[PDB]
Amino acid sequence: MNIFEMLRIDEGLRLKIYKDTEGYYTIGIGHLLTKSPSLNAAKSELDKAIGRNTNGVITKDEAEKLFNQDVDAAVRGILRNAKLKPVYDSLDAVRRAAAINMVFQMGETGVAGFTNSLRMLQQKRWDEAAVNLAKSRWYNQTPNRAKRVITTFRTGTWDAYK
C-alpha cells in the first residue's frame, strides 16, 4: 500500500465530469475543477488543465497525469506550510500518507481548523487525536472515508485499507 493506492481507493476514478460529495465539478481521481455551479466553467477549467478541447471527457492517462500533479502539489503544500510541516516531519511514513490524504481532500485551508488535532498528532497521542479528529464536519459528511484515515493515524498501519 501507498499514498497513490490509498487515494485511488478513497476517490475512485471517473472519466467524465461529475459532482463530488459537496456538489462540485470534478473529474478523474478527485480532481476538483471548480466550485462554480456552471458546467461550462467546469469544462473550461478542464480544457485548461489538459491542454485540449476535451468536451468533458478525459482518458485514463490524462486522469493519471492530474493525479500525479495533485499528489505532488499536496506534499509540497504541506512542506511549505509552517503550521503543517513540523507535524508532518514528526510522523512515520504511514501516518504521513494519512496527512497527505486529508490535504488532498480538503486543502491546506480545510485542515486549518484541526489545530488541536495537529498538536495531538505531534505529541503522538494517538487515541486522543483519533477522537478529536472525529469531532468535525469532515467526519460527519464523509464518515466512511474519515474513519479509514483516522484508523490510519491511530494505528500507524494500513489495516483500514485492506
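One rule holds for the numbers: they count along the sequence shown, beginning at 1.
- Judged by mean Cα B factor in the deposited record, 44-52 ranks above the other of 94-102 and 44-52.
- Between 111-119 and 55-63, the higher mean Cα B-factor belongs to 111-119.
- For the set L33, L39, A134, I29, the maximum C-alpha B-factor listed in the entry falls on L39.
- For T21, the recorded CA temperature factor ranks within the highest third of the chain's modelled residues.
- Per-chain ranking of the deposited C-alpha B factor places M1 in the highest third.
- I150: CA B factor in the middle third of modelled residues in this chain (values from the PDB entry).
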